[PDB]
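Engineer: Dumping the structure here so I can ask a few things about it.
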Amino acid sequence: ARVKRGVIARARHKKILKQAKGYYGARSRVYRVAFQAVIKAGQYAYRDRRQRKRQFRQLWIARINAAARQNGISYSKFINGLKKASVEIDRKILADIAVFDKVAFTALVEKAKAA
Amino acid sequence: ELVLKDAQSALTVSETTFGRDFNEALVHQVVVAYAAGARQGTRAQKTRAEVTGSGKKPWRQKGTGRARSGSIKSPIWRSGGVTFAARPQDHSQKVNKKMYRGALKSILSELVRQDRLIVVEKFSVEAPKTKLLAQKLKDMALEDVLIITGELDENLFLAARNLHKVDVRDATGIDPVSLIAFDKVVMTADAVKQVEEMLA
Amino acid sequence: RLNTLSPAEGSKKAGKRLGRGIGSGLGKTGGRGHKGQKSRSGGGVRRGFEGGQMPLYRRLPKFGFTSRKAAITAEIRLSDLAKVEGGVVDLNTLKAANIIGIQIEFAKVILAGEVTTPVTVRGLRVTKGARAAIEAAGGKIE
Amino acid sequence: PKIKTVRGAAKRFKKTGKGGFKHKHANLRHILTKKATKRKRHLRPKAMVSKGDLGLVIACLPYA
RNA sequence: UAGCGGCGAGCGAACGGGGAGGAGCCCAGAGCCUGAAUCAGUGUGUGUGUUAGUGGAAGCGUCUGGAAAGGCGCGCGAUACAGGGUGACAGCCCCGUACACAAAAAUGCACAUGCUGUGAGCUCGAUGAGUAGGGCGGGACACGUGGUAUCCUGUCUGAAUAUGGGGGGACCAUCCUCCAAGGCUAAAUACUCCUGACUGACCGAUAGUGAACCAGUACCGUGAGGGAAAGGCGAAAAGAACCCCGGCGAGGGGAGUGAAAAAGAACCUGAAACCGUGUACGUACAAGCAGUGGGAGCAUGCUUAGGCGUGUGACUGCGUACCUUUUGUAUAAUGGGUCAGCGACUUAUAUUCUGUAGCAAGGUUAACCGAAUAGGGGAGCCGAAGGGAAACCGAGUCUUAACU
Ligand SMILES: [K+]
Ligand SMILES: [K+]
Ligand SMILES: [Mg+2]
Ligand SMILES: [Mg+2]
Ligand SMILES: [Mg+2]
Ligand SMILES: [Mg+2]
Ligand SMILES: [Mg+2]
Ligand SMILES: [Mg+2]
Ligand SMILES: [Mg+2]
Ligand SMILES: [Mg+2]
Ligand SMILES: [Mg+2]
Ligand SMILES: [Mg+2]
Ligand SMILES: [Mg+2]
Ligand SMILES: [Mg+2]
Ligand SMILES: [Mg+2]
Ligand SMILES: [Mg+2]
Ligand SMILES: [Mg+2]
Ligand SMILES: [Mg+2]
Ligand SMILES: [Mg+2]
Ligand SMILES: [Mg+2]
Ligand SMILES: [Mg+2]
Ligand SMILES: [Mg+2]
Ligand SMILES: [Mg+2]
Ligand SMILES: [Mg+2]
Ligand SMILES: [Mg+2]
Ligand SMILES: [Mg+2]
Ligand SMILES: [Mg+2]
Ligand SMILES: [Mg+2]
Ligand SMILES: [Mg+2]
Ligand SMILES: [Mg+2]
Ligand SMILES: [Mg+2]
Ligand SMILES: [Mg+2]
Ligand SMILES: [Mg+2]
Ligand SMILES: [Mg+2]
Ligand SMILES: [Mg+2]
Ligand SMILES: [Mg+2]
Ligand SMILES: [Mg+2]
Ligand SMILES: [Mg+2]
Ligand SMILES: [Mg+2]
Ligand SMILES: [Mg+2]
Ligand SMILES: [Mg+2]
Ligand SMILES: [Mg+2]
Ligand SMILES: [Mg+2]
Ligand SMILES: [Mg+2]
Ligand SMILES: [Mg+2]
Ligand SMILES: [Mg+2]
Ligand SMILES: [Mg+2]
Ligand SMILES: [Mg+2]
Ligand SMILES: [Mg+2]
Ligand SMILES: [Mg+2]
Ligand SMILES: [Mg+2]
Ligand SMILES: [Mg+2]
Ligand SMILES: [Mg+2]
Ligand SMILES: [Mg+2]
Ligand SMILES: [Mg+2]
Ligand SMILES: [Mg+2]
């Protein structure tokens with residue numbers, strides 16, 4: 001028996017165009033172009049789930065290095081000082097304590113000074 | 001044995017034919033085969049050979065900027081094509097004698113456990129009238145049935161064409177899908193004697 | 001109940017359908033490589049073609065001849081001996097039971113398995129191992 | 001329709017009990033005086049086809 | 001399979017067996033005796049059937065809606081619930097349907113059948129010459145001239161004629177077989193331009209016929225010839241009286257029909273590309289597959305008295321499209337303007353292998369007959385033993401003078 005394939009096409013195109021919804025020019029409107037944009041977007045989305053973790057880790061270290069040199073220590077010594085006193089606090093939090101509770105960040109720099 | 005509903009006589013029915021285990025694969029195969037045998041398979045499209053058009057190359061190979069063609073009957077053109085046009089074909093398939101018999105035995109054995117099978121004595125309507133047949137199913141307390149008889153009375157047949165949930169047959173003409181499809185089944189003591197002796 | 005019926009496990013195998021996307025595994029070239037005579041529609045090569053090298057069935061020499069007498073002789077198995085008429089199995093009576101084909105003048109009983117009743121064979125060739133058995137059952141040949 | 005046998009192959013081969021095909025050896029039609037006897041003796045008896053070139057033989061003569 | 005074959009590609013029988021089907025006679029002529037069997041026509045009978053036909057069963061009260069067959073409750077016919085219509089899905093409103101009856105004429109037939117007309121039983125005797133065969137050259141037979149039988153012949157020739165001749169696959173001799181060179185012949189089988197039913201795991205307007213529409217038309221070609229596109233308002237035209245702007249126009253707006261006029265003749269639904277109009281945010285010191293991860297601001301909704309979602313996306317890290325072909329492509333190699341539709345591993349028959357079901361030293365039927373997808377029909381196939389080129393032997397056998 002014959003199968004008209006008109007209902008199903010638009011179903012699977014509309015799925016894709018709805019993902020491209022937002023893109024500039026044809027990349028939004030036109031299926032052929034959108035399909036590529038949607039896939040490349042996926043590739044990048046996958047690729048940057050990895051880079052998200054790196055970028056933030058740089059960004060924290062920068063904050064900590066800045067915050068330490070206010071108190072008079074370079075990051076490399078500050079981390080080695082913390083690790084030598086078996087301190088387990090990660091970068092993410094150190095970058096938060098750097099910004100927020102500077103009285104608490106000061107005491108970490110003393111805690112690290114011992115070693 | 002199988003006791004009757006208006007006698008209580010000990011019918012010594014065979015154990016090897018009716019007391020059997022169900023075999024779903026075989027039954028499925030036979031019931032599929034029976035359906036597939038019901039196809040007539042009358043249908044045809046027409047390939048680029050049989051389409052009504054010229055042989056002529058519409059335009060020459062090179063020179064023109066268009067995409068090389070050599071037919072207005074080719075499947076990638078609007079009008080004329082269907083790459084793989086079906087021909088009228090025989091969809092029926094072989095089922096082995098013993099497979100078929102075994103399936104009928106297997107489905108006819110299951111009705112004893114389901115209690116769909118109703119065995120009866122002298123079952124016959126008085127005259128060719130649906131009014132009687134329709135009323136006499138209420139006393140027996142049935143509805144969607146397959147009546148099977150050895151001594152095929154014309155009176156019973158005539159007045160069961162228009163009745164849809166009833167289907168009358170001869171014991172000779174029992175089927176795989178027919179026994180399975182209908183909810184209840186009605187068999188005469190002669191009919192079961194004939195089926196028992198036929199299947200063996 | 002008609003809709004309840006399902007086949008056996010591994011009975012139906014779906015079947016390969018070619019050219020239907022990437023996820024299908026096979027698709028774009030229906031499991032038939034890139035290019036060459038084998039990939040082309042109506043491709044491949046005739047039976048016994050080793051690419052211009054003289055094929056095995058021509059470099060080897062032909063031998064023998066088909067005998068006409070070999071087609072009209074049969075090898076009767078001793079197990080199918082006593083399945084006719086008491087113990088009389090000449091040729092036509094053996095032929096009547098559909099043990100050997102019609103146009104078969106000569107025939108020969110060989111050893112195989114089991115004799116119970118005494119069988120007198122006559123007008124028929126018999127094998128030494130069978131003759132020991134047929135006599136050991138009881139029946140005398142000719 | 002039915003598969004036709006490659007008749008040329010049917011004459012040069014013969015089916016055995018296990019499934020293999022016996023064939024007659026080559027290099028024994030002519031130019032025999034120069035060939036040593038020890039060859040001519042070993043090229044006389046029938047030989048089984050090697051498993052490498054069996055698939056060709058099975059295809060070109062399927063019926064026995 | 002046996003054969004044929006640059007023994008390649010390929011082609012490929014017959015005998016014999018199942019069925020379908022059945023049927024046999026005239027002339028190369030004489031006696032007694034003759035219309036008696038036989039057909040080939042004319043009028044003529046019933047069993048009848050075909051081109052007009054007729055009849056042809058049985059439903060309502062409520063609710064919802066523009067409209068009832070619908071939901072809802074009791075019904076009521078069925079040798080009729082095949083099917084089709086009717087303001088939404090009808091067994092019972094109408095057409096029908098089974099089913100019962102139809103023909104003045106034109107008949108299609110098959111048996112009585114008077115009959116221009118045609119010849120039986122049975123004696124004795126005949127039984128198809130430029131022919132069979134041959135030489136040469138071709139062709140047909142599965143058989144390609146080959147060791148090549150057999151039939152047909154263009155050419156050149158030439159028998160014997162039932163105390164006789166042909167065939168039995170070079171050829172020859174006994175046995176078996178038939179009687180050429182003269183004729184007729186129904187059925188099984190092929191086929192559908194065509195006139196009816198009936199069915200589709202056939203299509204549903206780019207499909208299906210080229211052609212659902214006034215299509216083999218328009219149009220193209222000197223001609224042969226090629227050859228399109230183009231379906232649907234609504235239940236019913238009830239197709240918009242009359243006013244208004246306008247060129248006593250096109251088009252529109254009110255009023256009015258209708259259930260509905262973003263159903264108003266382009267008229268069911270009305271997608272996409274494509275072009276618009278408003279609303280929110282962004283955008284005139286900023287470089288690049290235009291996204292992605294971060295991300296303030298800004299515009300906005302919810303419950304709470306604080307958190308969440310949607311839109312936009314300043315700035316900023318990374319980031320050279322997709323396909324094809326390739327050792328290798330952002331490549332400045334190929335292909336694509338876009339969208340919508342169509343567009344590519346199928347079918348039949350054989351064969352081997354895997355799975356799966358049946359039954360098992362057995363398994364299975366084909367055609368076909370069949371109150372028929374039952375059951376008969378095992379003709380046959382395949383298997384149960386091979387070895388040998390083969391005769392032949394056979395749990396062995398081949399090799400060999402013979403095998404430790
Ligand atoms: K009526
Ligand atoms: K003459
Ligand atoms: Mg989807
Ligand atoms: Mg161009
Ligand atoms: Mg173009
Ligand atoms: Mg078409
Ligand atoms: Mg197709
Ligand atoms: Mg797979
Ligand atoms: Mg795969
Ligand atoms: Mg792959
Ligand atoms: Mg390619
Ligand atoms: Mg290549
Ligand atoms: Mg290749
Ligand atoms: Mg070469
Ligand atoms: Mg037989
Ligand atoms: Mg051999
Ligand atoms: Mg070897
Ligand atoms: Mg041919
Ligand atoms: Mg009427
Ligand atoms: Mg009502
Ligand atoms: Mg009702
Ligand atoms: Mg409606
Ligand atoms: Mg009449
Ligand atoms: Mg009349
Ligand atoms: Mg004659
Ligand atoms: Mg001649
Ligand atoms: Mg001759
Ligand atoms: Mg030829
Ligand atoms: Mg001869
Ligand atoms: Mg002759
Ligand atoms: Mg001979
Ligand atoms: Mg004649
Ligand atoms: Mg005829
Ligand atoms: Mg005929
Ligand atoms: Mg159907
Ligand atoms: Mg459809
Ligand atoms: Mg069309
Ligand atoms: Mg259209
Ligand atoms: Mg449409
Ligand atoms: Mg209408
Ligand atoms: Mg004017
Ligand atoms: Mg509207
Ligand atoms: Mg329009
Ligand atoms: Mg409508
Ligand atoms: Mg519309
Ligand atoms: Mg625009
Ligand atoms: Mg600026
Ligand atoms: Mg730029
Ligand atoms: Mg720029
Ligand atoms: Mg960058
Ligand atoms: Mg690169
Ligand atoms: Mg490019
Ligand atoms: Mg460029
Ligand atoms: Mg390309
Ligand atoms: Mg281009
Ligand atoms: Mg053998």
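In the structure tokens, chains take letters A, B, ... by order of appearance, with residues numbered from 1 within each chain and ligands from 1 in the order shown.
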Could you give me the residues within range 133-183 of chain B that DSSP places in strand (DSSP E), as an NGL selection string?
Structural biologist: :B and (147-149 or 168-170)
Engineer: When the cut-off is 6 Å and we count only C-alpha atoms (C1' of nucleotides), which residues of chain D are near chain E, given as a list in words?
Structural biologist: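 Output check: residues 1, 2 and 3 of chain D.
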Engineer: At a cut-off of 10 Å around ligand 23, and using only C-alpha atoms (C1' of nucleotides) and all ligand atoms, what residues come up? Please write them as number ranges by chain.
Structural biologist: E: 48-50, 102-103
Engineer: Using only N, CA, C and O atoms (P, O5', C5', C4', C3', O3' and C1' of nucleotides), please write the residues we just selected to a file, as a PDB file, in the first residue's frame.
Structural biologist:
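Result file is result10.pdb:
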ATOM      1  P     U E  48     -39.860 -25.079 -17.045  1.00  0.00           P
ATOM      2  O5'   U E  48     -39.702 -24.212 -18.375  1.00  0.00           O
ATOM      3  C5'   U E  48     -38.909 -23.007 -18.423  1.00  0.00           C
ATOM      4  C4'   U E  48     -37.475 -23.336 -18.765  1.00  0.00           C
ATOM      5  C3'   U E  48     -36.541 -22.140 -18.881  1.00  0.00           C
ATOM      6  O3'   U E  48     -35.964 -21.810 -17.616  1.00  0.00           O
ATOM      7  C1'   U E  48     -36.306 -23.530 -20.796  1.00  0.00           C
ATOM      8  P     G E  49     -36.242 -20.384 -16.922  1.00  0.00           P
ATOM      9  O5'   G E  49     -35.170 -19.425 -17.613  1.00  0.00           O
ATOM     10  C5'   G E  49     -33.847 -19.240 -17.062  1.00  0.00           C
ATOM     11  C4'   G E  49     -32.835 -18.999 -18.161  1.00  0.00           C
ATOM     12  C3'   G E  49     -32.726 -17.576 -18.690  1.00  0.00           C
ATOM     13  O3'   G E  49     -31.930 -16.703 -17.890  1.00  0.00           O
ATOM     14  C1'   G E  49     -32.839 -19.067 -20.511  1.00  0.00           C
ATOM     15  P     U E  50     -32.176 -15.110 -17.930  1.00  0.00           P
ATOM     16  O5'   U E  50     -31.781 -14.709 -19.423  1.00  0.00           O
ATOM     17  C5'   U E  50     -30.410 -14.457 -19.791  1.00  0.00           C
ATOM     18  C4'   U E  50     -30.313 -13.868 -21.184  1.00  0.00           C
ATOM     19  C3'   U E  50     -30.760 -12.425 -21.345  1.00  0.00           C
ATOM     20  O3'   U E  50     -29.772 -11.509 -20.877  1.00  0.00           O
ATOM     21  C1'   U E  50     -31.527 -13.728 -23.178  1.00  0.00           C
ATOM     22  P     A E 102     -44.270 -16.336 -14.543  1.00  0.00           P
ATOM     23  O5'   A E 102     -43.010 -15.439 -14.936  1.00  0.00           O
ATOM     24  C5'   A E 102     -42.853 -14.871 -16.250  1.00  0.00           C
ATOM     25  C4'   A E 102     -43.254 -13.414 -16.247  1.00  0.00           C
ATOM     26  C3'   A E 102     -42.981 -12.671 -17.551  1.00  0.00           C
ATOM     27  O3'   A E 102     -44.134 -12.708 -18.393  1.00  0.00           O
ATOM     28  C1'   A E 102     -41.959 -11.513 -15.750  1.00  0.00           C
ATOM     29  P     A E 103     -44.271 -13.801 -19.570  1.00  0.00           P
ATOM     30  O5'   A E 103     -44.913 -12.967 -20.768  1.00  0.00           O
ATOM     31  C5'   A E 103     -44.575 -11.580 -20.985  1.00  0.00           C
ATOM     32  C4'   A E 103     -44.249 -11.296 -22.436  1.00  0.00           C
ATOM     33  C3'   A E 103     -43.826 -12.483 -23.305  1.00  0.00           C
ATOM     34  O3'   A E 103     -44.289 -12.337 -24.646  1.00  0.00           O
ATOM     35  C1'   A E 103     -42.016 -10.956 -23.085  1.00  0.00           C
TER      36        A E 103
END
Engineer: If the limit is 12 Å from any atom of ligand 22, counting only C-alpha atoms (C1' of nucleotides) and all ligand atoms, which residues qualify? Return them as a ChimeraX atom specification.
Structural biologist: /E:65-68,70,87-89,234-235,259,268
Engineer: Using the selection just defined, write its residues with N, CA and C atoms (P, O5', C5', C4', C3', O3' and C1' of nucleotides) as a PDB file, in the first residue's frame.
Structural biologist:
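Now in result.pdb:
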ATOM      1  P     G E  65     -27.380  22.189  22.876  1.00  0.00           P
ATOM      2  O5'   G E  65     -26.590  21.793  21.550  1.00  0.00           O
ATOM      3  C5'   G E  65     -26.451  22.714  20.456  1.00  0.00           C
ATOM      4  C4'   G E  65     -26.412  21.967  19.142  1.00  0.00           C
ATOM      5  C3'   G E  65     -27.134  22.647  17.991  1.00  0.00           C
ATOM      6  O3'   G E  65     -26.341  23.671  17.401  1.00  0.00           O
ATOM      7  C1'   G E  65     -27.859  20.415  18.128  1.00  0.00           C
ATOM      8  P     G E  66     -27.027  25.055  16.986  1.00  0.00           P
ATOM      9  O5'   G E  66     -28.104  24.589  15.907  1.00  0.00           O
ATOM     10  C5'   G E  66     -29.355  25.281  15.722  1.00  0.00           C
ATOM     11  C4'   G E  66     -29.811  25.144  14.287  1.00  0.00           C
ATOM     12  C3'   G E  66     -30.211  23.737  13.857  1.00  0.00           C
ATOM     13  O3'   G E  66     -31.619  23.578  14.041  1.00  0.00           O
ATOM     14  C1'   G E  66     -28.653  24.661  12.303  1.00  0.00           C
ATOM     15  P     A E  67     -32.219  22.281  14.773  1.00  0.00           P
ATOM     16  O5'   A E  67     -32.024  21.126  13.693  1.00  0.00           O
ATOM     17  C5'   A E  67     -32.810  21.094  12.486  1.00  0.00           C
ATOM     18  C4'   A E  67     -32.205  20.139  11.483  1.00  0.00           C
ATOM     19  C3'   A E  67     -31.950  18.717  11.978  1.00  0.00           C
ATOM     20  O3'   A E  67     -33.135  17.930  11.824  1.00  0.00           O
ATOM     21  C1'   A E  67     -30.024  19.546  10.859  1.00  0.00           C
ATOM     22  P     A E  68     -33.587  16.868  12.952  1.00  0.00           P
ATOM     23  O5'   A E  68     -32.412  15.791  12.932  1.00  0.00           O
ATOM     24  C5'   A E  68     -32.144  14.987  11.761  1.00  0.00           C
ATOM     25  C4'   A E  68     -31.596  13.637  12.161  1.00  0.00           C
ATOM     26  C3'   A E  68     -32.547  12.747  12.969  1.00  0.00           C
ATOM     27  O3'   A E  68     -32.516  11.382  12.550  1.00  0.00           O
ATOM     28  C1'   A E  68     -30.539  13.066  14.162  1.00  0.00           C
ATOM     29  P     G E  70     -28.522   5.927  15.426  1.00  0.00           P
ATOM     30  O5'   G E  70     -27.603   7.207  15.678  1.00  0.00           O
ATOM     31  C5'   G E  70     -26.167   7.156  15.542  1.00  0.00           C
ATOM     32  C4'   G E  70     -25.512   8.234  16.374  1.00  0.00           C
ATOM     33  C3'   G E  70     -25.727   8.154  17.878  1.00  0.00           C
ATOM     34  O3'   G E  70     -24.874   7.186  18.492  1.00  0.00           O
ATOM     35  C1'   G E  70     -26.110  10.363  17.167  1.00  0.00           C
ATOM     36  P     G E  87     -31.031  15.874   3.813  1.00  0.00           P
ATOM     37  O5'   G E  87     -29.840  16.919   3.664  1.00  0.00           O
ATOM     38  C5'   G E  87     -28.488  16.575   4.032  1.00  0.00           C
ATOM     39  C4'   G E  87     -28.026  17.397   5.218  1.00  0.00           C
ATOM     40  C3'   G E  87     -27.987  16.690   6.571  1.00  0.00           C
ATOM     41  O3'   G E  87     -26.747  16.898   7.241  1.00  0.00           O
ATOM     42  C1'   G E  87     -29.246  18.699   6.735  1.00  0.00           C
ATOM     43  P     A E  88     -25.383  16.310   6.631  1.00  0.00           P
ATOM     44  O5'   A E  88     -24.573  15.866   7.927  1.00  0.00           O
ATOM     45  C5'   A E  88     -25.033  14.785   8.755  1.00  0.00           C
ATOM     46  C4'   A E  88     -23.897  14.295   9.620  1.00  0.00           C
ATOM     47  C3'   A E  88     -24.040  12.878  10.178  1.00  0.00           C
ATOM     48  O3'   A E  88     -22.798  12.179  10.093  1.00  0.00           O
ATOM     49  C1'   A E  88     -23.789  14.424  11.956  1.00  0.00           C
ATOM     50  P     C E  89     -22.502  11.178   8.869  1.00  0.00           P
ATOM     51  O5'   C E  89     -22.963   9.768   9.447  1.00  0.00           O
ATOM     52  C5'   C E  89     -22.731   8.553   8.708  1.00  0.00           C
ATOM     53  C4'   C E  89     -22.673   7.360   9.639  1.00  0.00           C
ATOM     54  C3'   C E  89     -24.018   6.764  10.061  1.00  0.00           C
ATOM     55  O3'   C E  89     -24.034   5.346   9.895  1.00  0.00           O
ATOM     56  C1'   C E  89     -22.681   7.173  11.963  1.00  0.00           C
ATOM     57  P     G E 234     -18.088  23.212   1.033  1.00  0.00           P
ATOM     58  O5'   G E 234     -19.594  23.593   1.362  1.00  0.00           O
ATOM     59  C5'   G E 234     -19.914  24.383   2.517  1.00  0.00           C
ATOM     60  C4'   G E 234     -21.392  24.672   2.536  1.00  0.00           C
ATOM     61  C3'   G E 234     -22.307  23.459   2.574  1.00  0.00           C
ATOM     62  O3'   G E 234     -22.428  22.977   3.909  1.00  0.00           O
ATOM     63  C1'   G E 234     -23.107  25.042   0.994  1.00  0.00           C
ATOM     64  P     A E 235     -22.281  21.411   4.233  1.00  0.00           P
ATOM     65  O5'   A E 235     -23.760  20.869   4.009  1.00  0.00           O
ATOM     66  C5'   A E 235     -24.043  19.772   3.122  1.00  0.00           C
ATOM     67  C4'   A E 235     -25.536  19.629   2.943  1.00  0.00           C
ATOM     68  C3'   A E 235     -26.150  20.474   1.829  1.00  0.00           C
ATOM     69  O3'   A E 235     -26.066  19.812   0.567  1.00  0.00           O
ATOM     70  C1'   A E 235     -27.449  20.653   3.822  1.00  0.00           C
ATOM     71  P     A E 259     -29.730  28.308   9.677  1.00  0.00           P
ATOM     72  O5'   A E 259     -28.693  28.183  10.882  1.00  0.00           O
ATOM     73  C5'   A E 259     -27.928  29.317  11.345  1.00  0.00           C
ATOM     74  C4'   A E 259     -26.698  28.865  12.110  1.00  0.00           C
ATOM     75  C3'   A E 259     -25.369  29.463  11.650  1.00  0.00           C
ATOM     76  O3'   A E 259     -25.071  30.634  12.411  1.00  0.00           O
ATOM     77  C1'   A E 259     -25.193  27.093  11.784  1.00  0.00           C
ATOM     78  P     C E 268     -11.979  26.931  -0.367  1.00  0.00           P
ATOM     79  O5'   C E 268     -12.546  26.177   0.913  1.00  0.00           O
ATOM     80  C5'   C E 268     -13.947  25.894   1.084  1.00  0.00           C
ATOM     81  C4'   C E 268     -14.148  24.958   2.258  1.00  0.00           C
ATOM     82  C3'   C E 268     -13.003  24.904   3.265  1.00  0.00           C
ATOM     83  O3'   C E 268     -13.142  25.925   4.257  1.00  0.00           O
ATOM     84  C1'   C E 268     -13.539  22.703   2.563  1.00  0.00           C
TER      85        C E 268
END
Engineer: What are the residues of chain B that have an atom within 7 Å of an atom of chain C, counting only C-alpha atoms, as a ChimeraX atom specification?
Structural biologist: /B:24-25,28,180-181
Engineer: What would the file look like if the residues just selected were written as a CSV table (one decimal), in the first residue's frame with N, CA and C atoms?
Structural biologist:
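Heads up, here's the output in out37.csv:
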chain,number,residue,atom,x,y,z
B,24,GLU,N,1.3,-22.1,20.6
B,24,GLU,CA,1.0,-20.8,20.1
B,24,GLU,C,1.6,-20.5,18.7
B,25,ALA,N,2.9,-20.9,18.6
B,25,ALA,CA,3.6,-20.6,17.3
B,25,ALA,C,3.0,-21.2,16.1
B,28,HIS,N,-0.4,-19.6,15.5
B,28,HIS,CA,-0.2,-18.3,14.9
B,28,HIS,C,0.2,-18.5,13.4
B,180,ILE,N,-11.3,-19.7,16.2
B,180,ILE,CA,-10.6,-18.7,17.1
B,180,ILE,C,-11.4,-17.4,17.3
B,181,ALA,N,-11.9,-16.9,16.1
B,181,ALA,CA,-12.6,-15.6,16.1
B,181,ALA,C,-13.8,-15.5,17.0
Engineer: As a ChimeraX atom specification, please: every residue in chain A that DSSP puts in helix (DSSP H, G or I).
Structural biologist: /A:6-20,26-29,31-71,75-84,91-99,102-113
Engineer: With a distance cut-off of 12 Å and only C-alpha atoms (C1' of nucleotides), select the neighbouring residues of residue 16 in chain E, excluding the residue or stretch itself and same-chain residues fewer than 5 positions from it, and output the selection as a PyMOL selection string.
Structural biologist: (chain C and resi 72+101-104) or (chain E and resi 379)
Engineer: Residues within 10 Å of ligand 5 (only C-alpha atoms (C1' of nucleotides) and all ligand atoms), as a PDB file with N, CA, C and O atoms (P, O5', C5', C4', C3', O3' and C1' of nucleotides), in the first residue's frame?
Structural biologist:
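Saved the output as part_9.pdb:
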ATOM      1  N   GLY B  65      22.480  23.589 -19.763  1.00  0.00           N
ATOM      2  CA  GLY B  65      22.835  23.581 -18.342  1.00  0.00           C
ATOM      3  C   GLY B  65      22.012  22.646 -17.464  1.00  0.00           C
ATOM      4  O   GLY B  65      22.293  22.519 -16.269  1.00  0.00           O
ATOM      5  N   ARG B  66      21.001  21.994 -18.043  1.00  0.00           N
ATOM      6  CA  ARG B  66      20.087  21.139 -17.292  1.00  0.00           C
ATOM      7  C   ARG B  66      20.716  19.784 -16.984  1.00  0.00           C
ATOM      8  O   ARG B  66      21.758  19.428 -17.538  1.00  0.00           O
ATOM      9  N   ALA B  67      20.071  19.042 -16.089  1.00  0.00           N
ATOM     10  CA  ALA B  67      20.568  17.745 -15.638  1.00  0.00           C
ATOM     11  C   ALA B  67      20.195  16.645 -16.621  1.00  0.00           C
ATOM     12  O   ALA B  67      19.019  16.298 -16.752  1.00  0.00           O
TER      13      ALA B  67
ATOM     14  P     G E 336      24.560  22.814  -8.637  1.00  0.00           P
ATOM     15  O5'   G E 336      23.533  23.211  -7.492  1.00  0.00           O
ATOM     16  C5'   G E 336      22.291  22.505  -7.361  1.00  0.00           C
ATOM     17  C4'   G E 336      21.822  22.536  -5.929  1.00  0.00           C
ATOM     18  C3'   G E 336      21.651  23.912  -5.310  1.00  0.00           C
ATOM     19  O3'   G E 336      20.444  24.533  -5.746  1.00  0.00           O
ATOM     20  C1'   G E 336      22.812  22.523  -3.805  1.00  0.00           C
ATOM     21  P     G E 337      20.461  25.583  -6.971  1.00  0.00           P
ATOM     22  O5'   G E 337      20.213  26.975  -6.246  1.00  0.00           O
ATOM     23  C5'   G E 337      21.159  27.477  -5.290  1.00  0.00           C
ATOM     24  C4'   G E 337      20.493  28.503  -4.412  1.00  0.00           C
ATOM     25  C3'   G E 337      19.328  27.995  -3.575  1.00  0.00           C
ATOM     26  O3'   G E 337      19.774  27.444  -2.338  1.00  0.00           O
ATOM     27  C1'   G E 337      18.672  29.940  -4.735  1.00  0.00           C
TER      28        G E 337
END
Engineer: Identify, on the basis of only C-alpha atoms (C1' of nucleotides), every residue whose closest approach to residue 77 in chain A does not exceed 10 Å; exclude the query and any residue fewer than 3 positions from it along the same chain; express the result as a list in words.
Structural biologist: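 Within the cut-off, the hits are residues 65, 68, 73, 74, 80, 81, 82, 83, 109, 112, 113 and 115 of chain A.
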Engineer: Rank E:64, E:145, E:44, E:312 by their smallest atom-to-atom distance to chain A, using only C-alpha atoms (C1' of nucleotides), and report the top residue only.
Structural biologist: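 Result for the nearest residue to chain A: E:312.
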Engineer: Just want the residues within 7 Å of ligand 17, written as a list in words, counting only C-alpha atoms (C1' of nucleotides) and all ligand atoms.
Structural biologist: residues 47, 48 and 49 of chain D
Engineer: Suppose we keep N, CA and C atoms; can you now write the selection as a CSV table (one decimal), in the first residue's frame?
Structural biologist:
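After the write, out-v8.csv holds the following:
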chain,number,residue,atom,x,y,z
D,47,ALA,N,42.3,-36.5,-7.0
D,47,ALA,CA,42.7,-35.6,-5.9
D,47,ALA,C,41.5,-34.7,-5.4
D,48,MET,N,41.5,-34.5,-4.1
D,48,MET,CA,40.5,-33.6,-3.5
D,48,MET,C,40.8,-32.1,-3.8
D,49,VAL,N,39.8,-31.3,-4.0
D,49,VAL,CA,39.9,-29.9,-4.3
D,49,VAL,C,40.2,-29.2,-2.9
Engineer: At a cut-off of 9 Å and counting only C-alpha atoms (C1' of nucleotides) and all ligand atoms, what residues surround ligand 11? Please answer as a PyMOL selection string.
Structural biologist: (chain C and resi 28-29+34-35) or (chain E and resi 324-325)
Engineer: Can you work out which residues from chain D touch chain C at a cut-off of 6 Å (counting only C-alpha atoms) and hand them back as a PyMOL selection string?
Structural biologist: chain D and resi 9+11-12+26+56+60
Engineer: Counting only C-alpha atoms (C1' of nucleotides) and all ligand atoms, what residues are within 12 Å of ligand 53, given as a list in words?
Structural biologist: residues 288, 289, 320, 321, 330, 331 and 332 of chain E
Engineer: When you look at range 160-170 of chain E with a cut-off of 7 Å (counting only C-alpha atoms (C1' of nucleotides)), what residues show up, excluding the ones that are within fewer than 2 positions of it in the same chain? I need them as a list in words.
Structural biologist: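 Contacts, with the query itself left out: residues 147, 148 and 149 of chain E.
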